[PDB]
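Scroll down for the structure; my scribbles are underneath it.
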Amino acid sequence: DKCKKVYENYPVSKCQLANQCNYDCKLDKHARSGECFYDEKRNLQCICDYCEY
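This is the structure we're talking about:
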């Protein structure tokens, strides 16, 4: 949804740990769960979600 925003900056490199995204997602865009997802590059991108997915 609109609350879900994706920002690479650091490729799946960090997404290696579901705990990393949230950190960066929280420190970067201030997300809640910063969950990874698959984009056009089938890469895991930490998506900052500010809502109730």
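Once you know that position 14 of the sequence shown is 15 in PDB author numbering, the rest is easy, because the numbers rise by one and skip nothing. Positions of the beta carbon are idealized from the N, C-alpha and C atoms, including for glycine.
Simplified DSSP assignment, three categories, for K27: Locating residue 27 in the sequence shown gives position 26, counting from the first residue. It is helical.
Proximity winner among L45, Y54, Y8, relative to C26 (alpha-carbon distances): Locating residue 26 in the sequence shown gives position 25, counting from the first residue. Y8 is the residue among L45, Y54, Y8 whose C-alpha sits nearest the C-alpha of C26.
Per-residue burial, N23 [other beta carbons within 10 Å of its own, 16 or more giving buried]: Numbered from 1 along the sequence shown, position 22 holds the residue referred to as residue 23. Result: buried.
Beta-carbon proximity of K5 to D40, cut-off 8 Å: For this step, residue 5 is matched to residue 4 along the sequence shown. For this step, residue 40 is matched to residue 39 along the sequence shown. No; because the gap between Cβ atoms is not below 8 Å, this pair is not in contact.
Per-residue burial, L45 [other beta carbons within 10 Å of its own, 16 or more giving buried]: One-based indexing of the sequence shown puts residue 45 at position 44. The residue in question, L45, is buried, as its Cβ has 16 or more Cβ neighbours within 10 Å.
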